[PDB]
Every structure is written in structure tokens, then in C-alpha cells.
Number of protein chains: 2
Amino acid sequence: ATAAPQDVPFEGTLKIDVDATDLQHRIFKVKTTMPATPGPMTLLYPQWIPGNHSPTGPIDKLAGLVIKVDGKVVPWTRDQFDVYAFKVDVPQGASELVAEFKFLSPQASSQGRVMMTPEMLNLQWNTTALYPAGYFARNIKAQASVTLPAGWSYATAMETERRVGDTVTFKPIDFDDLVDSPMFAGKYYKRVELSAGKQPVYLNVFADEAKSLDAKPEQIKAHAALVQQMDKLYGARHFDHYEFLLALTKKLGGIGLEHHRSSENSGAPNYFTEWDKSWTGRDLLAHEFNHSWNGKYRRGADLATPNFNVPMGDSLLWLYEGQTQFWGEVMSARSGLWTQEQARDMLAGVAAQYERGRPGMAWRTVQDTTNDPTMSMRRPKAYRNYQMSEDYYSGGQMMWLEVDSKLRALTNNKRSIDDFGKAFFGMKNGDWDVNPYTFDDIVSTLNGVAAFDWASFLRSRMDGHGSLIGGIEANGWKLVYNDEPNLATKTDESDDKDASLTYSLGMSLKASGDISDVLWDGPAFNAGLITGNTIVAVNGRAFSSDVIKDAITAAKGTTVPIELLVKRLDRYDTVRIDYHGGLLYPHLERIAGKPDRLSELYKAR
Amino acid sequence: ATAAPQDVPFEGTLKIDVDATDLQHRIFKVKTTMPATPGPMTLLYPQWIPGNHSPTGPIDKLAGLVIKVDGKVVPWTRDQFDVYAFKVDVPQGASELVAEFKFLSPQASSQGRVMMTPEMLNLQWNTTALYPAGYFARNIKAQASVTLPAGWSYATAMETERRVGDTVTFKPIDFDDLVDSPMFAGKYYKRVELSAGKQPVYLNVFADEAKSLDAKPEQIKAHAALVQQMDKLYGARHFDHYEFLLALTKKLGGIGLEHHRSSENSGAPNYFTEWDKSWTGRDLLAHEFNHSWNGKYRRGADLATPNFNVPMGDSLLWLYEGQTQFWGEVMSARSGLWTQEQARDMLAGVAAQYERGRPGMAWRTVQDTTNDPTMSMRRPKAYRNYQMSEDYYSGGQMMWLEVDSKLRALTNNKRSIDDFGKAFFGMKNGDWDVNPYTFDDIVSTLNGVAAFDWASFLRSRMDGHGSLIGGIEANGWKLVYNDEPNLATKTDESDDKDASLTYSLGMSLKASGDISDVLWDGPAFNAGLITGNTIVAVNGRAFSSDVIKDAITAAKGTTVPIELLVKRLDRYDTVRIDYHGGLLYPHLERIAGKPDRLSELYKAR
Ligand SMILES: CC(C)C[C@H](NC(=O)[C@@H](O)[C@H](N)Cc1ccccc1)C(=O)O
Ligand SMILES: CC(C)C[C@H](NC(=O)[C@@H](O)[C@H](N)Cc1ccccc1)C(=O)O
Ligand SMILES: [Zn+2]
Ligand SMILES: [Zn+2]
């Protein structure tokens, strides 16, 4: 076992030098230099990574580790009860320890998200760092450098000291901020100012091909409007400057990861060039940006750990991620990243997910899903709808919508969730240290906006099994289903011609006919169907998405079952599904006579 | 978080009832009943599973959990710092707790190994169990039952009380032995006696199709000879009876998992029907059977944990798995499961793997690979040859071969590793409780066979970076390479037309030309190639395994480089490989002047 980290000074500087030039093998070469204290010394590879809420440190990708003290090799021994901890014996009279190793980043998605391509790379300093055990991470002064592919541009919130040729030397920085200061680099780069002033915000775009960088003025303006709308909500910025990192790519592994003064984001090459086709993911930058307030600056006390190698407590992720999921979609509408119609159909899809798409809510609480990061590490699960899957995101969002609606009702619409945002995250402009909070702090700040038993309200939703969608009705709308496609579903289905049929047949299909998801206790489930089975034919006709949708519509209101020819492994059988509700996709409709608070919430300030 | 398990009596019986009939959804339905006193109670889902040496308990597949005390639901709360631990409050006057849940076994291999098919199933009791925290697992008396698909046969070492219809009630058993008593069930079943007597051994075969069960007399005899050869080695059996469980299948997930009185094994449907083609995997039953002595009965003290929810120490896996890997191959030859020529070429491949196929030994020791189970959980890695990958298996095997050769050299061939086997595992016939050992015990028993500094010998090999293949030459043979295919490689290549070129071009390829492996610092590596790249053409000719092999031979002894057309993502380039050694496959050849101890080692006793 590794001794607990202590809030004591670390003498000297942890030097971290990274060679990021072996794009072909996708290898980051690392040298870490630090003072050596005589006696046993334990070095740690970061395990629990802020923003991942789970022990995602890729320990088995650390290879070629050789440790030398004052130029002599010393053998290392891994702690079999802490496989992220390497112990060496430092001789008496020693001065300096050097550890050299390689981070073997994924050569295919099966190994994790790809971090190197022929045109760009993603350096996450936790993957290229060893640091001494026994210290709070913030007490370790670090100084990093990286050697880039020839002539590549780079971007990071971390301040550059100098670039000599292709070796970038950064100014000293605390080790926790180093891990929190990722770098993108690439040959096709555009830097766009989103906000000038004393706390400026920039957008750093890297692409597989330069043509993807052609952001149009109104599209840049929508990102600039995001910054303005966050200013209206919070009244403060928790950074001295902010660097959006955005990779437009089909080669780099997808990412959305927040930091204090930056975020790592990926989109498709058509993020800008096909604005109307790429909209469903455009809440990404709003989401990760919001975390600078909600998650990085303010963090649950059980989540704000002293180093990267003690476990994180995720109990409050329904605020961290849940309210950020909420604000990401709201701010997308307020900024023009989304249209109001797009944002409303997205919210309808969230509401339907918890009204009808989450039968696991009968036995599992949203609170318990804050354990999903460590339980599952986002590995494949058979029934996201019944096992549940990180619903502290979207279920949390629905609770925060209801919180907004209740604040309005208590105050005759003079207060809203905007007032909680300013009160809870708006203090101490410019500070980007960690300001921890507890559950009781959430309650007290809500009670300060409008007096109410908020503790019971939050517990009843997060520890309950009942409806989470009450914020829809209270804010003047109603969740409905009809045969009109949901804007998000339609965009997500089309071009590949897939078929999302969650609320009719209780399954989703690829264009090939392969079932990609099955709703627990739904019609497909009750025919014994599982993901991976194939719908070969519908009423005798070779499967297509149009064919099965037409058959569903033809069965609406009749008593003639839909006949599905199914391939299960190497067997074929025909099932008859007595489903006659037609195609059903969620939308929101106004409740006439009630105030439309929802549109006010989603309106630009 | 969770209180430590104590060696104190457990009052009552843990009843575990499993319904294994939902083959379509692949769901095991579970009811666990246990004594309960009022107040706080913590229930555990097994986490660290004996024989996996890592926390493989599938916690995220436990769904639908409802806990009732005296018929009334009690809410449960998971420990966010121990996600395998469930906490409830037991009301006053209660005597009994009932927990019901479902184990959602993998619906595809991406979720883990498949455990249900239309013809067979594999029940592992740890996946269908909750048990009270605070107790040594061996102190908990359990009693299990299972409801099978209609008419299915079953086999397990656990003794049956009665079968009523399709519900099997088992006799009470200690909870640790329950977890150690898996069950196979299926519609195509054959039971074969391998040894009669007071400690009988049976082979239980389940198949996708009945024709695969047609074991011929000489093939059954080889399995009977395996039991006889183990008797000669150890002189004792650590079980009152033993049940081989063997699944001949393309649908059940592959498995080799040892137990005290049974093992879980899978083979191809042609395990018997194409005996000469399916030979490379036939050390499986010899391997897992050997674990009844080495691993189950004798186990490292740091591995022999008190329950399933504290971490296991794997430091001695180079004995547990390493010597079992050794005996699995030796016993295949001694029993006739393998021919002597097959076993020799298999050993040649192991020797070559550490002579030339493990460049990672320059920085990592075999000892450190005992941490790979927890580090990697057998997830994909880019360079098994450089990161290393559980080399305590085959590297351990090579060390034990050298131990054998050294015992012979010290004793003028009067003692061998067979004497260590009998001395270390041959005590206490009939005993199948765990008999722990430490490193010092290994040393003392070796020293008792022949006096020598065995501690330094073992450490020099397991903590070193040098050669592990010294036992080959010491026992009278020499590792050589030539263009004659290795029998194991040829069989593993055949039918699919793959190309293993580790010792020539430093890579392996599928018939498609996709690179499946790259040797660190080898020729393919030095051309920048990675797994997933595709060799499109060789000297301009469309790739095939024969085409690239012919080109390698054509380049032998010349100065004309091999031209490879390569697809890297969406780009094509041609590389010139200056490799002129020809095809090189490992074999063993006699050193004519030296005594042939290797053949003695592999000879039937
Ligand atoms: C591309 C998007 C879907 C990315 C999105 N990212 C986020 O929500 C971030 O704010 C999360 N902090 C990223 C995260 C959370 C838990 C475990 C691993 C990674 C996510 O769901 O991971
Ligand atoms: C089919 C064969 C390859 C199976 C073989 N099984 C064994 O060696 C058993 O003795 C191991 N005890 C199985 C094992 C070890 C570590 C982690 C998971 C599972 C294995 O390598 O897993
Ligand atoms: Zn987030
Ligand atoms: Zn084994």
C-alpha cells in the first residue's frame, strides 16, 4: 500500500520532457527528472483522472521504464497491491532521480481513444508523468517540455516559456494544473478569438484537412455568444484565460474533457462545413465550458482528492455532470449553436428516456448511477435502459429542469435556476483553484434563492424511483409522442438509414437489419430478441429501415401482427409482433393557459 | 469502507437459488436467502475470483436487485468506495433477508465470455451470489439449487441432493467451495469414466452437436493416461472425486478455469472428431487438472485470501501458473494427448519466444508480469512482446525446465523436477483444503531434493533480464531456426492461411494482409508498421501468405530488398525491407555429445 499524500512542501521541480514525434508507432517518449531523497522512494503513475471520475490511468501502456539515480540504474519494484506505484531504493548521498519510459498510445480504438494521427496529436500529461508519492499534487512544482513533429502548431492553456525549433518549453506550473493543461497539436490549425479583455477566450481548431477550418462568421459568432451567455449566467470567469481545443477529425479518438482553463473537444470534419447536418453534437463545447464553473472550480468535497492515486467519491455527479448536461443544452439554444426547435426536440428525447426509456428506474436510483464510472468504465452493457447508465447526466438534467420550474413557482417567476448558477458558481472572479462543496451546500444555496425543503426534494428525485420529468409540465409544456420524426433522431438516423424504434417496437436497428439496442420489457424483448440478432425480412420483404417503418405504420390500428424473419446466430425463425401503435417519437407541446417558462429558460439573455 | 472479514462462525445457511432458463436473453435469475439480525448489514458481490488472480467479478451485470426483510422491501445503498458492497438497514424483529436479482450474462463477446447458448450453459456461482460481509468465506455454509432448461443434463463436482423435474437441489457446501464448484449443462452430453476407485475422475462433455461427442477409445485412453501420469508424479489426489467439464462448442465463450475437484474447459467441436487438427489446445485439460495440485491445493499465502472482496497478491504466479504451464505440456506428451514431436516443437516455440520474441525483457522482469492480471485484465495491448504479457506462464515454464535440468545436474540425473512435484504437492492424499506456501517454502523443498542456493537461482531468473532458456541445452538439446515450419505454427496457420513471420520480418499477418502483430525493434517495426496496417502487395504482387513467404525466401542471401505496398489508414506507401535471413521457425535439435535428459522428462512414466 502507498502512504497517504501529505500537505507538505515538495522541494525542487518535477521535470517532464515528452518527445511526441513517433506518430507511426503512436509512442510518446518521456523523461521525468526530480530530486532524489535517500531511502525508499515511491513514484506514482496517475490513476484517478479529474473529469473521468474513475481510475482511467492507462497503467498497462507505460513501457520501457528505466530509473537511474545520479546516472546509475536502480531496479524498481511495483506494489502488487497498488500497480500504479513503483518503488526504488535511493542510495545515501544521492541527488537526482531520472525515470525514462514510453506511453504506448492506442494503435486502434480497441486499446482506447487514438491520440496520434498523421495530422494531429493529443497530449494528456497524466499519460506521460510519474510523480513522487507522499505529496499533495498541488504542492509539486513541475516544468514540462514537448518536442513536436516538425513545424506543427500547438495549443494549451499552459503558458509557453519558449519554442526553440520544435521543442516547446513551458513555464513552471503546479503538477495538478499540468495534468489539467492538455495540448493539441497539428499541421492544419486555426486560432479564433471568442472574447477579448482581461480574461480572454480562444478557439483552437485542428483538422484532418485544412478545408474543415473554414468557419463562417455566423458560426464563429455562435461560439462567441456562448461566452457572452455564460457571462450573463455566472457573472464571473474562473480562469485568467481559456483555450478551447477542438479537433475536427475522423482519426483522433473522440473526446469531451473539461479543464479549468481549457477543454478537449472533438467533432466531425463537417463541424462547420455542414452546420445543419452536424448539429446534434454541438452542445459539446457548451457542456465542457460550463464545467470550468461546475466541476473544475466547484467540485464535490469527496471528488476533490489530494492526488491522482486515491479513489474519488462520485456521489455529487448529478450536479457536476447533471446540471452541466442541463446547461450545455440550454446554452446551445441561448448562443445559437442550436435552434430553439432543435433544443426543444432534444429535451423531448431526454424526457421520453425517463418516462418510457428507463425501465431500470423501477429498481435502481439515479444516485446509484454515480457509481457507474467505476463499476463499468463505459464498457459495453446489454441494457443501458435496465441496468441504467450514468443517468446522473440526463436524469440529473431533468431534475435540474424541475428545480428551475420550482424556483419560478415559489417566486412568481422572479427567480430561476439562473439565480442558483450565479449564487453557487459566481463568486471570486478569476480564481481557478478548487472550491469544494457538500450536499448541504447545494441545499443552503438553493434555499437562499427561495426557501423550500430542497434536501427532501433532491433526495426524493435522486434516491427515488418515480417520475423525473415534472419540470416539463411545470414550465408549461407536455411530453407527447406521434409519427413525426424527432429532429435529433432523424439527424442521427439518416445518411446511414438506421431505424430507431424505441417507443414502437422497443429496439433500434442498423441499416443492415442488425439490432443495436433492445428496450427491456418492450415488444422486441418479449420475442426473445437481443442486440446482435438480425431482422432479415419484414412481412416477407428484405429488411430496410423504410420497409420496417412502413410495416409499423401499416399495422397501426389493425389486428394483423408484424411478421419479422429473424436471424439468431445461425438460426432463422419468424416472430409475430402484435404492436399497433404506429411510429412514436417524442416532442413537447404547449399546455395552453399555462405560462411558457420553458421558452424563457431557453431564451438568450 | 467494508469491515474486514473475520474467522468467526457464521450462523445458519446462505441459500442460493438460480433459474437458468432464459437462454434467449441469457439471464440467470437469482434468489439469495440468509439469516439477518436487526441493524446495519452489508452484502458482497464476489469481486476477486480464485483462478482469475484479478477482480473479475462482473458487478455491472448485477441488475434488478430487490432486497426484502420479512417480505417488505428495504432500500439498499452501494458503497461508493467499494462498489461490490450493498448496505441495508434490517428492521427490528427481523430474522431473515432475501435478495433477488438477475445476472445479465454476455449477449456478445464484447461484454465478456458467453455463458448461455441454445444447447449449453455455464453457471459460475460467483456471478449469482451475494454474501454477508465480515466472515471468512469458508465459514459460510451455503446450499444451492438451479432450475435448468427442460430435459438438460448437467455436471458439477458439487453433490446433488435431488432433481425434481428440472430443478436440481444440491447438498450443503461451504460457500468458498460453492464458488469453486461450477456447473455445465446442456442437451448433448456424454459422461466418461477416466479413473475408477475411491477418488474417481470423470470427463463430462457437452457439445453444440451430438456428433462431436464420439470420442474414440484411444482418445479416451489418453485422458485416462493423463490421470495415471499425474498419479506417478504426485502420488496423491487432492479431491474426493474430480469432474472435468468440457464444452465442445463455437458458441460458449472459451474457458480454461481450474478448481479443486473440477475444471471448466472449452474446445472446438472437432476436439475428438479431427484429433490430428485440434492438437495445439489439447494441453488444456492437463494444464487445469495439474492446478488441482498446484494452485488450488497449494497456493501462495498472499493469494489465499479470506473472502472474495479483498485484493489478491499474485507474486507467486510463476509457480501457480508457470509450473502448471510446464506440466501441462510435459503431461500432454507423457499421456499421449500430444506426440513427442508436437510437444518438442511447442517447447521450441516457447524457447524462441524468450530468446527472440520478448525484447521487453530488457526493461521488465517476469516477476513484474504477475501484476498483469490486475494491470490489464487481458485487455488488448499493442506489444505483448515489449510490454510483456503474463510471462509468469511461459517464462515461468522455461525457468522450471531449467530447475529440472539443474536438479539432474546436481544429482547425476538421480533427481529431477518430478521429485519437487511429489515433495511439494504430494502430501495429504484426499485433502482439498488450501495448503498455503511462501517463497521460502519453495526454496526449502527444492533444497531438500538437492542442496543448492535455490533462492538466488529463482530470483536471478524471475527478477533478471537475462536468458531463461538455459534448461534446453542443459538437458541435451539446442534451439535452432530454419525454414521448416514449426508444427504448432503450421497447425495454427492452416485452414485460415495466416502468416506468422516473427523471426523473419518481425510481424504476423492474417490472410487478408492485415498485420496482426509487430515485434518491437524488428524489420516491420523499423518500417513504421503497426498492427492494423495492411500489406497490400509484395514485390508488386497481391498479398497472400504464400506470396510473402516466397518473397522472404527469394530475398535470402541477396541484396535486393523486399518491397511491401502498405495501406496505413487511407494512405498507400511502399517500404523496402532489407531482410535477407529467409524464413526462420524454431525447432529443437539434439546436441549429440550430451545426455538426452529432455526426452526422459517428456517420457511416460
Ligand atoms: C463526446 C461526448 C459524448 C463526451 C462527453 N464528455 C463529458 O461529459 C465530460 O464532461 C466528462 N467529464 C467526460 C467523462 C466522464 C466520465 C468518464 C469518462 C469521461 C462524454 O459523455 O464522455
Ligand atoms: C483457453 C486457455 C487459453 C485458458 C487458459 N486458462 C488458464 O491458464 C487457467 O489455469 C487460469 N487460472 C485462467 C485465468 C488466469 C488469469 C486470468 C483469467 C483466467 C488461459 O490462458 O486463460
Ligand atoms: Zn461533462
Ligand atoms: Zn493455469
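Nothing in this text is a laboratory measurement; each read-out follows from the coordinates by a stated rule. Ideal geometry is used to build each Cβ from the backbone, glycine not excepted, and the neighbour counts take in all protein chains shown.
Filtering region A:26-41 to residues that are surrounded by fewer than 20 Cβ atoms within 10 Å (Cβ to Cβ), in contact (Cβ under 8 Å) with a residue 60 or more places away in the chain and not charged (D, E, K, R) leaves A:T33, A:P35.
To keep it simple, each residue is scored yes or no on (1) part of a helix (DSSP H, G or I); (2) more than 9 Å from chain A (Cβ to nearest Cβ).
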{"site": "B:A351", "(1), (2)": "yes, yes"}
{"site": "B:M361", "(1), (2)": "yes, yes"}
{"site": "B:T365", "(1), (2)": "no, no"}
{"site": "B:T374", "(1), (2)": "yes, no"}
{"site": "B:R379", "(1), (2)": "no, no"}
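Taking the criterion of being away from chain A (no Cβ under 14 Å), under 18 Å from B:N371 (Cβ atoms) and touching a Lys or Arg at 6+ places or on another chain (Cβ under 6 Å), the only residue of region B:381-420 that qualifies is B:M399. In a residue-by-residue description of region B:304-315, the property of being outside any loop (DSSP other than H, G, I, E, B), within 14 Å of ligand 2 (Cβ to nearest atom) and within 23 Å of B:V350 (Cα to Cα) applies to no position. Among all residues of region B:333-346, there is at least one that is away from ligand 2 (no atom under 13 Å from the Cβ), surrounded by 24 or more Cβ atoms within 10 Å (Cβ to Cβ) and not in a helix (DSSP H, G or I). Picking from residues in region A:255-267 that are assigned to a loop (DSSP other than H, G, I, E, B) and within 11 Å of ligand 1 (Cβ to nearest atom), the one that is nearest to A:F244 (Cα to Cα) is A:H259.
On inspection, A:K250 passes the criterion of being of a type in the set (K, R) and over 20 Å from A:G421 (Cβ atoms). Please work out if B:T280 is in a loop (DSSP other than H, G, I, E, B), within 13 Å of ligand 2 (Cβ to nearest atom) and either of a type in the set (S, T, N, Q) or within 12 Å of the chain's Cα centre (by Cα) (or both). So B:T280 passes the test. Cβ-Cβ distances below 6 Å connect the following pairs, each with a first residue in region B:45-64 that is of a type in the set (K, R), a second residue that is more than 14 Å from ligand 2 (Cβ to nearest atom) and not in a loop (DSSP other than H, G, I, E, B), and a separation of six or more residues or different chains: B:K61/B:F103; B:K61/B:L104. Taking the criterion of being within 12 Å of ligand 1 (Cβ to nearest atom), surrounded by fewer than 20 Cβ atoms within 10 Å (Cβ to Cβ) and closer than 14 Å to A:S332 by Cβ, the residues of region A:268-302 that qualify are A:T280, A:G281.
If you take the residues of region A:401-452 that are under 30 Å from A:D177 (Cβ atoms) and among the charged types (D, E, K, R), which of them is surrounded by the most Cβ atoms within 10 Å (Cβ to Cβ)? It comes out as A:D418.
Restricted to strands (runs of 3 or more DSSP E) entirely inside region B:48-140, those with at least 1 residues that are touching an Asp or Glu at 6+ places or on another chain (Cβ under 6 Å), closer than 20 Å to A:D368 by Cα and away from ligand 4 (no atom under 16 Å from the Cβ) are B:62-69, B:77-79, B:82-90.
Checking each residue in region A:225-254 for being surrounded by fewer than 23 Cβ atoms within 10 Å (Cβ to Cβ), in contact with a strand residue (DSSP E or B) (Cβ under 8 Å, 6 or more places away or on another chain), not small (G, A, S) and not in a helix (DSSP H, G or I) picks out A:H241, A:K251.
Every condition in (1) surrounded by 18 or more Cβ atoms within 10 Å (Cβ to Cβ); (2) basic (K, R); (3) within 14 Å of chain B (Cβ to nearest Cβ) holds for A:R261 except the one numbered (3). Across region B:107-126, the number of residues qualifying as within 14 Å of another protein chain (Cβ to nearest Cβ) and crowded, with 19+ Cβ neighbours inside 10 Å comes to 8.
Taking region B:84-122 as the range and being of a type in the set (S, T, N, Q), in contact with a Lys or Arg (Cβ under 8 Å, 6 or more places away or on another chain) and within 14 Å of B:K61 (Cα to Cα) as the test, the residues that pass are B:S105, B:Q107, B:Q111. Taking the conditions (1) away from every other protein chain (no Cβ under 13 Å); (2) more than 19 Å from B:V30 (Cβ to Cβ) in turn, B:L130 satisfies each one other than (2). So A:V330 passes all but one of these: (1) outside any helix (DSSP H, G or I); (2) away from chain B (no Cβ under 14 Å). Which condition number does it fail? If we test A:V330 against (1) outside any helix (DSSP H, G or I); (2) away from chain B (no Cβ under 14 Å), just (1) comes out false. Contact map, region A:99-125: first residue within 14 Å of A:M183 (Cβ to Cβ), second residue assigned to a helix (DSSP H, G or I), Cβ cut-off under 6 Å, separation 6 or more or different chains; pairs are A:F103/A:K61; A:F103/A:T127; A:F103/A:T128; A:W125/A:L178; A:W125/A:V179. Taken across region A:512-532, residues that are crowded, with 17+ Cβ neighbours inside 10 Å, among the polar types (S, T, N, Q), in a loop (DSSP other than H, G, I, E, B) and more than 26 Å from the chain's Cα centre (by Cα) do not occur at all. In region A:390-397, is there at least one residue being free of Cβ contacts under 8 Å to residues at least 60 places away in the same chain and surrounded by fewer than 24 Cβ atoms within 10 Å (Cβ to Cβ)? No, every residue in region A:390-397 fails to be free of Cβ contacts under 8 Å to residues at least 60 places away in the same chain and surrounded by fewer than 24 Cβ atoms within 10 Å (Cβ to Cβ).
What about A:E563, is it part of a strand (DSSP E or B) and touching a residue at least 40 places away in the same chain (Cβ under 8 Å)?
It is false that A:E563 is part of a strand (DSSP E or B) and touching a residue at least 40 places away in the same chain (Cβ under 8 Å).
Of the strands (runs of 3 or more DSSP E) lying entirely inside region B:451-510, those carrying at least 1 residues that are closer than 30 Å to B:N412 by Cα are B:477-482. A count restricted to region A:60-81 and to residues that are surrounded by 19 or more Cβ atoms within 10 Å (Cβ to Cβ), among the hydrophobic types (A, V, I, L, M, F, W, C) and at the interface with another protein chain (Cβ under 9 Å from one of its Cβ atoms) stands at 4. Could you go through region B:82-92 and let me know if any residue there is more than 19 Å from B:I16 (Cα to Cα), within 10 Å of chain A (Cβ to nearest Cβ) and either touching a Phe, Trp or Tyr at 6+ places or on another chain (Cβ under 7 Å) or within 16 Å of ligand 2 (Cβ to nearest atom) (or both). Checking region B:82-92: not a single residue is more than 19 Å from B:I16 (Cα to Cα), within 10 Å of chain A (Cβ to nearest Cβ) and either touching a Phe, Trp or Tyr at 6+ places or on another chain (Cβ under 7 Å) or within 16 Å of ligand 2 (Cβ to nearest atom) (or both).
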